[PDB]
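**Q** Here it is, the structure in full.
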Amino acid sequence: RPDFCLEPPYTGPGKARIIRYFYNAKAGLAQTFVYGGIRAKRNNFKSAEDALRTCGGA
């Protein structure tokens with residue numbers, strides 16, 4: 001699994017409130033979080049399906 005997939009979500013320093021998805025490795029599912037609009041970490045997807053395709057594991 002890519003190393004970033006186990007990291008907590010990162011809102012970042014931005015003041016926006018955009019709904020993104022992170023892979024929740026303990027649940028094995030994507031979950032929403034609030035993203036501040038700049039300086040994303042890699043555990044940050046626009047859809048559940050992208051989070052699972054990238055981080056769901058072989």
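Every chain in the structure tokens has a letter given in the order shown (A, B, ...), and although residue numbers restart at 1 in each chain, ligands are simply numbered from 1 in the order shown.
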If you count only C-alpha atoms, which residues fall within 9 Å of region 6-10 of chain A, apart from same-chain ones fewer than 2 positions away, as a ChimeraX atom specification?
**A** /A:1-4,12,21-26,33-36,39-44,55
**Q** Please identify the alpha helix (DSSP H) residues within chain A (assignment by DSSP from backbone atoms) and present them as JSON, numbers by chain.
**A** {"A": [48, 49, 50, 51, 52, 53, 54, 55]}
**Q** Could you state the separation of CA of residue 47 (chain A) and CA of residue 30 (chain A) in Å, given to one decimal place?
**A**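 Computing the Euclidean distance for CA of residue 47 (chain A) and CA of residue 30 (chain A) yields 8.3 Å.
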**Q** Just to confirm, what's the straight-line distance from CA of residue 5 (chain A) to CA of residue 52 (chain A) in Å (one decimal)?
**A**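 These atoms are spaced 9.7 Å apart.
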